[PDB]
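Everything below belongs to coords34.txt, which stores compact mmCIF, C-alpha atoms and all ligand atoms.
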```
# COMPACT_ATOMS: atom_id res chain seq x y z
CA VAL A 1 68.10 -3.55 39.79
CA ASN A 2 64.59 -5.04 40.00
CA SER A 3 62.89 -7.83 41.93
CA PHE A 4 62.56 -10.49 39.12
CA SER A 5 64.32 -13.70 40.24
CA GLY A 6 65.42 -16.95 38.55
CA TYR A 7 65.11 -15.76 34.93
CA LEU A 8 67.39 -16.92 32.13
CA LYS A 9 68.74 -13.96 30.13
CA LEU A 10 68.09 -14.42 26.36
CA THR A 11 69.19 -10.97 25.12
CA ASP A 12 70.11 -7.52 26.37
CA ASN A 13 66.45 -6.90 27.27
CA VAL A 14 64.52 -10.24 27.19
CA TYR A 15 64.41 -12.70 30.12
CA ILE A 16 62.50 -15.99 30.48
CA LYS A 17 61.35 -18.32 33.29
CA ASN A 18 59.17 -21.44 33.72
CA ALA A 19 56.55 -19.83 36.03
CA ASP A 20 52.83 -19.29 36.55
CA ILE A 21 52.28 -15.63 35.64
CA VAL A 22 49.58 -15.34 38.33
CA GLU A 23 51.94 -16.53 41.07
CA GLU A 24 54.77 -14.43 39.68
CA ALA A 25 52.61 -11.30 39.65
CA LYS A 26 51.39 -11.87 43.21
CA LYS A 27 55.00 -12.17 44.42
CA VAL A 28 56.66 -9.39 42.40
CA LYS A 29 53.75 -6.91 42.23
CA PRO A 30 55.36 -5.64 39.01
CA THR A 31 54.54 -2.20 37.66
CA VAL A 32 52.99 -3.86 34.57
CA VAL A 33 51.60 -7.36 34.02
CA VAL A 34 50.54 -8.18 30.44
CA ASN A 35 47.26 -9.98 29.85
CA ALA A 36 46.68 -12.13 26.79
CA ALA A 37 43.42 -10.35 26.04
CA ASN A 38 40.82 -10.57 23.32
CA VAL A 39 39.16 -7.54 21.72
CA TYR A 40 36.11 -7.85 24.01
CA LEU A 41 38.19 -8.17 27.18
CA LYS A 42 36.24 -11.39 27.88
CA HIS A 43 38.67 -13.10 30.27
CA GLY A 44 37.38 -16.66 30.00
CA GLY A 45 40.38 -18.94 29.73
CA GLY A 46 44.07 -19.21 29.15
CA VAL A 47 46.20 -16.53 30.76
CA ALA A 48 43.26 -14.08 30.82
CA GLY A 49 40.94 -16.47 32.64
CA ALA A 50 43.64 -17.21 35.24
CA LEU A 51 44.57 -13.54 35.87
CA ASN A 52 40.91 -12.59 36.18
CA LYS A 53 40.17 -15.46 38.59
CA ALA A 54 43.08 -14.30 40.76
CA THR A 55 41.41 -10.83 40.97
CA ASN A 56 38.13 -12.42 42.18
CA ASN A 57 36.52 -11.19 38.90
CA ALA A 58 37.37 -7.52 39.57
CA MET A 59 39.38 -7.45 36.33
CA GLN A 60 36.26 -8.55 34.40
CA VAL A 61 34.05 -5.95 36.13
CA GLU A 62 36.51 -3.17 35.26
CA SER A 63 36.88 -4.52 31.73
CA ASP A 64 33.13 -4.60 31.06
CA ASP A 65 32.83 -0.95 31.92
CA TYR A 66 35.84 -0.13 29.73
CA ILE A 67 34.16 -1.86 26.76
CA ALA A 68 30.77 -0.28 27.45
CA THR A 69 32.46 3.15 27.23
CA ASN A 70 35.08 2.60 24.52
CA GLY A 71 34.06 -0.38 22.40
CA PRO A 72 36.31 -3.30 21.50
CA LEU A 73 40.06 -3.16 21.09
CA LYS A 74 41.81 -3.80 17.77
CA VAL A 75 43.66 -7.05 17.14
CA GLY A 76 47.26 -5.93 17.70
CA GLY A 77 46.09 -3.22 20.10
CA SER A 78 46.08 -2.74 23.85
CA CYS A 79 44.72 -0.76 26.76
CA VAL A 80 46.07 -0.03 30.25
CA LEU A 81 43.76 -0.86 33.14
CA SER A 82 44.25 -1.61 36.83
CA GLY A 83 46.52 -4.42 37.95
CA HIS A 84 44.22 -5.06 40.94
CA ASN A 85 45.94 -7.30 43.53
CA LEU A 86 48.53 -8.54 40.99
CA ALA A 87 50.40 -5.43 39.70
CA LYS A 88 49.99 -1.64 39.57
CA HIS A 89 48.80 -1.84 35.99
CA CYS A 90 47.57 -4.50 33.59
CA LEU A 91 48.43 -3.98 29.93
CA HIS A 92 45.73 -5.91 28.05
CA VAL A 93 47.30 -6.82 24.69
CA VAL A 94 45.40 -8.55 21.86
CA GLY A 95 47.58 -10.91 19.88
CA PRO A 96 46.05 -12.56 16.80
CA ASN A 97 44.08 -15.75 17.58
CA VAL A 98 45.04 -18.34 14.93
CA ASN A 99 41.98 -20.34 15.88
CA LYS A 100 39.97 -17.34 14.58
CA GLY A 101 41.98 -16.95 11.35
CA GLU A 102 43.61 -13.65 12.39
CA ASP A 103 46.72 -12.53 10.49
CA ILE A 104 49.86 -13.63 12.25
CA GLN A 105 51.75 -10.55 11.03
CA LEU A 106 49.65 -8.70 13.61
CA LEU A 107 51.81 -10.36 16.27
CA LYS A 108 54.57 -7.77 15.73
CA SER A 109 52.08 -4.91 16.18
CA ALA A 110 50.85 -6.56 19.39
CA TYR A 111 54.38 -6.73 20.84
CA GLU A 112 55.01 -3.08 19.90
CA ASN A 113 52.63 -2.12 22.72
CA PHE A 114 55.24 -3.42 25.18
CA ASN A 115 57.64 -0.62 24.13
CA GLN A 116 55.43 1.95 25.89
CA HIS A 117 56.49 0.42 29.26
CA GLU A 118 59.99 0.36 30.69
CA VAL A 119 59.63 -3.05 32.42
CA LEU A 120 56.91 -5.73 32.07
CA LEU A 121 55.98 -9.23 33.22
CA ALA A 122 54.36 -10.95 30.23
CA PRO A 123 53.30 -14.22 28.61
CA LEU A 124 54.20 -15.12 25.05
CA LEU A 125 51.57 -13.40 22.91
CA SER A 126 49.31 -15.59 20.75
CA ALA A 127 50.64 -18.76 22.44
CA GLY A 128 48.55 -21.28 24.35
CA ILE A 129 44.88 -21.25 23.35
CA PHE A 130 45.51 -18.44 20.82
CA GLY A 131 47.04 -21.14 18.61
CA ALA A 132 50.33 -19.61 17.40
CA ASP A 133 53.71 -21.35 17.46
CA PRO A 134 55.38 -20.20 20.71
CA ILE A 135 58.87 -20.44 19.19
CA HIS A 136 57.75 -17.89 16.60
CA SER A 137 56.19 -15.70 19.29
CA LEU A 138 59.47 -15.63 21.23
CA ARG A 139 61.36 -14.67 18.05
CA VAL A 140 58.97 -11.78 17.33
CA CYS A 141 59.21 -10.68 20.97
CA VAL A 142 63.02 -10.57 20.83
CA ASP A 143 63.01 -8.77 17.47
CA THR A 144 60.32 -6.21 18.44
CA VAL A 145 60.42 -5.37 22.16
CA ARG A 146 63.20 -2.99 23.18
CA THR A 147 62.10 -2.45 26.79
CA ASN A 148 62.83 -4.94 29.59
CA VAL A 149 60.49 -7.93 29.37
CA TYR A 150 60.27 -10.85 31.82
CA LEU A 151 58.48 -13.75 30.10
CA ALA A 152 56.63 -16.36 32.17
CA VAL A 153 56.10 -19.70 30.40
CA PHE A 154 53.64 -21.88 32.39
CA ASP A 155 54.51 -25.21 30.76
CA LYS A 156 57.85 -26.70 31.75
CA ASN A 157 58.18 -28.82 28.63
CA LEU A 158 57.60 -25.81 26.37
CA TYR A 159 59.98 -23.65 28.43
CA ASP A 160 62.81 -26.16 27.91
CA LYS A 161 62.06 -26.32 24.18
CA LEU A 162 62.03 -22.51 23.91
CA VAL A 163 65.42 -22.22 25.63
CA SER A 164 67.04 -25.12 23.77
CA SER A 165 65.92 -23.84 20.33
CA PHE A 166 66.63 -20.15 20.96
CA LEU A 167 68.99 -18.51 18.47
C1 LIG B 201 46.89 -20.02 27.48
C2 LIG B 201 47.11 -18.57 27.34
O1 LIG B 201 45.96 -17.83 27.23
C3 LIG B 201 46.31 -16.53 27.09
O2 LIG B 201 45.50 -15.62 26.99
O3 LIG B 201 47.67 -16.43 27.12
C4 LIG B 201 48.19 -17.69 27.27
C5 LIG B 201 49.68 -17.85 27.30
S1 LIG B 201 50.28 -19.42 27.99
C6 LIG B 201 49.83 -19.36 29.69
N1 LIG B 201 48.64 -19.82 30.09
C7 LIG B 201 48.35 -19.76 31.41
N2 LIG B 201 49.11 -19.31 32.40
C8 LIG B 201 50.30 -18.86 31.96
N3 LIG B 201 51.31 -18.34 32.70
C9 LIG B 201 52.30 -18.04 31.82
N4 LIG B 201 52.01 -18.33 30.57
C10 LIG B 201 50.72 -18.86 30.64
```
Turn this file's structure into structure tokens for me.
Amino acid sequence: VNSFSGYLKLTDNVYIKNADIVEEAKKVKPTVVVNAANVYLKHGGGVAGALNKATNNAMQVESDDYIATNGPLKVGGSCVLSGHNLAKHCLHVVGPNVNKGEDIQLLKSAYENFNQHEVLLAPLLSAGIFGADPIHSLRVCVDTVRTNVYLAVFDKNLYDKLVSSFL
């Protein structure tokens, strides 16, 4: 038993809800919240901008030191950093950005990072401003992640479409 509430169960291990991931993190304080990161951990907009704003820019400060020490992530890769006031940990995962021409097959590799964590609160990777088809992202999530994932979909219209079209 865990504290996630109001989710629709899609599969044995995947759950979905129309929610703001920032507000969901602040209420659940999950062990892991996933950020829709880029390789530079520049948290400007989308999910990343919103999570970082909710940390009063502490996520960005921590991220800049991480990059200064380690260099950029790989597309499809991840790193674990602090969850600040939102979660114990933040798993920063880089899905391919279609608006940069990145290979969409890297979406499966990106979701594989979720399997290193028993339970996660997450957005759909490569959705929103990363330009991928969210229906496809949900399919890859279901077919790749084996651990327990709670997906927050900000937009109510998209949430309903994701549920209604789910196979
Ligand atoms: C736009 C975007 O940018 C990013 O990096 O990921 C996403 C995923 S959609 C999203 N955008 C904002 N708040 C949310 N809460 C739950 N899903 C979302």
**Report entry** Who sits within 10 Å of residue 153 of chain A, only C-alpha atoms, same chain under 5 positions skipped, as an MDAnalysis selection string
**Finding:** chainID A and resid 16:21 122:124 127:128 134 158:160 162
Kindly provide the residues of chain A that approach ligand LIG 201 (chain B) to within 10 Å, each paired with its closest atom pair and their distance in Å to one decimal, based on all atoms listed in the file, listed by chain and increasing number, as JSON lines.
```
{"residue": "A:17", "atom": "CA", "partner": "B:LIG201", "partner_atom": "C9", "distance": 9.2}
{"residue": "A:18", "atom": "CA", "partner": "B:LIG201", "partner_atom": "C9", "distance": 7.9}
{"residue": "A:19", "atom": "CA", "partner": "B:LIG201", "partner_atom": "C9", "distance": 6.2}
{"residue": "A:20", "atom": "CA", "partner": "B:LIG201", "partner_atom": "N3", "distance": 4.2}
{"residue": "A:21", "atom": "CA", "partner": "B:LIG201", "partner_atom": "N3", "distance": 4.1}
{"residue": "A:22", "atom": "CA", "partner": "B:LIG201", "partner_atom": "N3", "distance": 6.6}
{"residue": "A:23", "atom": "CA", "partner": "B:LIG201", "partner_atom": "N3", "distance": 8.6}
{"residue": "A:24", "atom": "CA", "partner": "B:LIG201", "partner_atom": "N3", "distance": 8.7}
{"residue": "A:25", "atom": "CA", "partner": "B:LIG201", "partner_atom": "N3", "distance": 10.0}
{"residue": "A:34", "atom": "CA", "partner": "B:LIG201", "partner_atom": "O3", "distance": 9.3}
{"residue": "A:35", "atom": "CA", "partner": "B:LIG201", "partner_atom": "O2", "distance": 6.6}
{"residue": "A:36", "atom": "CA", "partner": "B:LIG201", "partner_atom": "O2", "distance": 3.7}
{"residue": "A:37", "atom": "CA", "partner": "B:LIG201", "partner_atom": "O2", "distance": 5.7}
{"residue": "A:38", "atom": "CA", "partner": "B:LIG201", "partner_atom": "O2", "distance": 7.8}
{"residue": "A:43", "atom": "CA", "partner": "B:LIG201", "partner_atom": "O2", "distance": 8.0}
{"residue": "A:44", "atom": "CA", "partner": "B:LIG201", "partner_atom": "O2", "distance": 8.7}
{"residue": "A:45", "atom": "CA", "partner": "B:LIG201", "partner_atom": "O1", "distance": 6.2}
{"residue": "A:46", "atom": "CA", "partner": "B:LIG201", "partner_atom": "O1", "distance": 3.0}
{"residue": "A:47", "atom": "CA", "partner": "B:LIG201", "partner_atom": "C3", "distance": 3.7}
{"residue": "A:48", "atom": "CA", "partner": "B:LIG201", "partner_atom": "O2", "distance": 4.7}
{"residue": "A:49", "atom": "CA", "partner": "B:LIG201", "partner_atom": "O2", "distance": 7.3}
{"residue": "A:50", "atom": "CA", "partner": "B:LIG201", "partner_atom": "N2", "distance": 6.5}
{"residue": "A:51", "atom": "CA", "partner": "B:LIG201", "partner_atom": "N2", "distance": 8.1}
{"residue": "A:92", "atom": "CA", "partner": "B:LIG201", "partner_atom": "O2", "distance": 9.8}
{"residue": "A:93", "atom": "CA", "partner": "B:LIG201", "partner_atom": "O2", "distance": 9.3}
{"residue": "A:94", "atom": "CA", "partner": "B:LIG201", "partner_atom": "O2", "distance": 8.7}
{"residue": "A:95", "atom": "CA", "partner": "B:LIG201", "partner_atom": "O2", "distance": 8.8}
{"residue": "A:97", "atom": "CA", "partner": "B:LIG201", "partner_atom": "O2", "distance": 9.5}
{"residue": "A:121", "atom": "CA", "partner": "B:LIG201", "partner_atom": "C9", "distance": 9.6}
{"residue": "A:122", "atom": "CA", "partner": "B:LIG201", "partner_atom": "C9", "distance": 7.6}
{"residue": "A:123", "atom": "CA", "partner": "B:LIG201", "partner_atom": "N4", "distance": 4.7}
{"residue": "A:124", "atom": "CA", "partner": "B:LIG201", "partner_atom": "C5", "distance": 5.7}
{"residue": "A:125", "atom": "CA", "partner": "B:LIG201", "partner_atom": "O3", "distance": 6.5}
{"residue": "A:126", "atom": "CA", "partner": "B:LIG201", "partner_atom": "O3", "distance": 6.6}
{"residue": "A:127", "atom": "CA", "partner": "B:LIG201", "partner_atom": "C5", "distance": 5.0}
{"residue": "A:128", "atom": "CA", "partner": "B:LIG201", "partner_atom": "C1", "distance": 3.8}
{"residue": "A:129", "atom": "CA", "partner": "B:LIG201", "partner_atom": "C1", "distance": 4.8}
{"residue": "A:130", "atom": "CA", "partner": "B:LIG201", "partner_atom": "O1", "distance": 6.5}
{"residue": "A:131", "atom": "CA", "partner": "B:LIG201", "partner_atom": "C1", "distance": 8.9}
{"residue": "A:134", "atom": "CA", "partner": "B:LIG201", "partner_atom": "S1", "distance": 8.9}
{"residue": "A:151", "atom": "CA", "partner": "B:LIG201", "partner_atom": "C9", "distance": 7.7}
{"residue": "A:152", "atom": "CA", "partner": "B:LIG201", "partner_atom": "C9", "distance": 4.7}
{"residue": "A:153", "atom": "CA", "partner": "B:LIG201", "partner_atom": "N4", "distance": 4.3}
{"residue": "A:154", "atom": "CA", "partner": "B:LIG201", "partner_atom": "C9", "distance": 4.1}
{"residue": "A:155", "atom": "CA", "partner": "B:LIG201", "partner_atom": "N4", "distance": 7.3}
{"residue": "A:158", "atom": "CA", "partner": "B:LIG201", "partner_atom": "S1", "distance": 9.9}
{"residue": "A:159", "atom": "CA", "partner": "B:LIG201", "partner_atom": "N4", "distance": 9.8}
```
In Å and to one decimal, atom CA of residue 90 of chain A is distant from atom CA of residue 76 of chain A by 16.0 Å
### Message
Please report the interatomic distance between atom CA of residue 54 of chain A and atom CA of residue 79 of chain A in Å with one decimal.
### Response
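Result for atom CA of residue 54 of chain A versus atom CA of residue 79 of chain A: 19.5 Å, one decimal.
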Open item on the list: Which residues are close to residue 114 of chain A, i.e. within 10 Å by only C-alpha atoms, leaving aside same-chain residues fewer than 5 positions away? Reply as a PyMOL selection string.
Closed with: chain A and resi 32+34+78+91+93+109+119-122+141+144-149
Atom pair atom CA of residue 62 of chain A + atom CA of residue 27 of chain A, distance 22.5 Å
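Residues lying within 9 Å of residue 142 of chain A, counting only C-alpha atoms and ignoring same-chain neighbours fewer than 5 positions away, are residues 10, 11, 13, 14 and 137 of chain A.
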Write out, as a PDB file, keeping the file's coordinate frame, the residues just selected, with C-alpha atoms.
```
ATOM      1  CA  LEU A  10      68.090 -14.420  26.360  1.00  0.00           C
ATOM      2  CA  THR A  11      69.190 -10.970  25.120  1.00  0.00           C
ATOM      3  CA  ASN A  13      66.450  -6.900  27.270  1.00  0.00           C
ATOM      4  CA  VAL A  14      64.520 -10.240  27.190  1.00  0.00           C
ATOM      5  CA  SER A 137      56.190 -15.700  19.290  1.00  0.00           C
TER       6      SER A 137
END
```
Could you name the residues that touch residue 40 of chain A at 7 Å or less, counting all atoms listed in the file, but leaving out those on the same chain fewer than 4 positions away, as a compact mmCIF listing (two decimals) with C-alpha atoms, keeping the file's coordinate frame?
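Final file, out-v9.txt:
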```txt
# COMPACT_ATOMS: atom_id res chain seq x y z
CA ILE A 67 34.16 -1.86 26.76
CA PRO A 72 36.31 -3.30 21.50
CA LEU A 73 40.06 -3.16 21.09
```
Selection: 9 Å around residue 28 of chain A, only C-alpha atoms, excl. self and same-chain fewer than 5 positions, as JSON, numbers by chain: {"A": [3, 4, 23, 86, 87]}
Using all atoms listed in the file, the best pick from A:80, A:157, A:39, A:63 as closest to residue 116 of chain A would be A:80
Next item on the list: Identify which of the residues A:99, A:115, A:85, A:57 lies closest to residue 133 of chain A, counting only C-alpha atoms when measuring atom-to-atom distances.
Entry: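 Of A:99, A:115, A:85, A:57, the one nearest residue 133 of chain A, counting only C-alpha atoms, is A:99.
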My structure is short of atoms at segment 101-112 of chain A; please model N, CA, C and O atoms there, returning them as a PDB file, in the coordinates of the input.
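Produced file part.pdb, reproduced below:
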```pdb
ATOM      1  N   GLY A 101      41.533 -17.331  12.679  1.00  0.00           N
ATOM      2  CA  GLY A 101      41.980 -16.950  11.350  1.00  0.00           C
ATOM      3  C   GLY A 101      42.641 -15.594  11.251  1.00  0.00           C
ATOM      4  O   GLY A 101      42.832 -15.097  10.136  1.00  0.00           O
ATOM      5  N   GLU A 102      42.998 -14.979  12.378  1.00  0.00           N
ATOM      6  CA  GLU A 102      43.610 -13.650  12.390  1.00  0.00           C
ATOM      7  C   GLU A 102      45.053 -13.668  11.851  1.00  0.00           C
ATOM      8  O   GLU A 102      45.799 -14.633  12.046  1.00  0.00           O
ATOM      9  N   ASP A 103      45.452 -12.584  11.193  1.00  0.00           N
ATOM     10  CA  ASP A 103      46.720 -12.530  10.490  1.00  0.00           C
ATOM     11  C   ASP A 103      47.844 -12.513  11.498  1.00  0.00           C
ATOM     12  O   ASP A 103      47.866 -11.710  12.435  1.00  0.00           O
ATOM     13  N   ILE A 104      48.767 -13.441  11.303  1.00  0.00           N
ATOM     14  CA  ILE A 104      49.860 -13.630  12.250  1.00  0.00           C
ATOM     15  C   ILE A 104      50.844 -12.470  12.201  1.00  0.00           C
ATOM     16  O   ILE A 104      51.561 -12.234  13.178  1.00  0.00           O
ATOM     17  N   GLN A 105      50.913 -11.740  11.092  1.00  0.00           N
ATOM     18  CA  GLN A 105      51.750 -10.550  11.030  1.00  0.00           C
ATOM     19  C   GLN A 105      51.316  -9.536  12.074  1.00  0.00           C
ATOM     20  O   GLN A 105      52.123  -8.679  12.450  1.00  0.00           O
ATOM     21  N   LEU A 106      50.081  -9.643  12.589  1.00  0.00           N
ATOM     22  CA  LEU A 106      49.650  -8.700  13.610  1.00  0.00           C
ATOM     23  C   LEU A 106      50.366  -8.968  14.926  1.00  0.00           C
ATOM     24  O   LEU A 106      50.274  -8.157  15.846  1.00  0.00           O
ATOM     25  N   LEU A 107      51.105 -10.078  15.025  1.00  0.00           N
ATOM     26  CA  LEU A 107      51.810 -10.360  16.270  1.00  0.00           C
ATOM     27  C   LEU A 107      52.876  -9.298  16.550  1.00  0.00           C
ATOM     28  O   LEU A 107      53.079  -8.904  17.701  1.00  0.00           O
ATOM     29  N   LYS A 108      53.572  -8.823  15.514  1.00  0.00           N
ATOM     30  CA  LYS A 108      54.570  -7.770  15.730  1.00  0.00           C
ATOM     31  C   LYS A 108      53.915  -6.498  16.271  1.00  0.00           C
ATOM     32  O   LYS A 108      54.391  -5.908  17.249  1.00  0.00           O
ATOM     33  N   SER A 109      52.795  -6.080  15.672  1.00  0.00           N
ATOM     34  CA  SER A 109      52.080  -4.910  16.180  1.00  0.00           C
ATOM     35  C   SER A 109      51.680  -5.088  17.642  1.00  0.00           C
ATOM     36  O   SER A 109      51.773  -4.153  18.443  1.00  0.00           O
ATOM     37  N   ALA A 110      51.236  -6.290  18.010  1.00  0.00           N
ATOM     38  CA  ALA A 110      50.850  -6.560  19.390  1.00  0.00           C
ATOM     39  C   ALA A 110      52.040  -6.348  20.332  1.00  0.00           C
ATOM     40  O   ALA A 110      51.919  -5.705  21.381  1.00  0.00           O
ATOM     41  N   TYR A 111      53.205  -6.911  19.984  1.00  0.00           N
ATOM     42  CA  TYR A 111      54.380  -6.730  20.840  1.00  0.00           C
ATOM     43  C   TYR A 111      54.853  -5.279  20.902  1.00  0.00           C
ATOM     44  O   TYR A 111      55.468  -4.882  21.897  1.00  0.00           O
ATOM     45  N   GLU A 112      54.579  -4.474  19.869  1.00  0.00           N
ATOM     46  CA  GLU A 112      55.010  -3.080  19.900  1.00  0.00           C
ATOM     47  C   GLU A 112      54.406  -2.335  21.085  1.00  0.00           C
ATOM     48  O   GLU A 112      55.010  -1.383  21.595  1.00  0.00           O
TER      49      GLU A 112
END
```
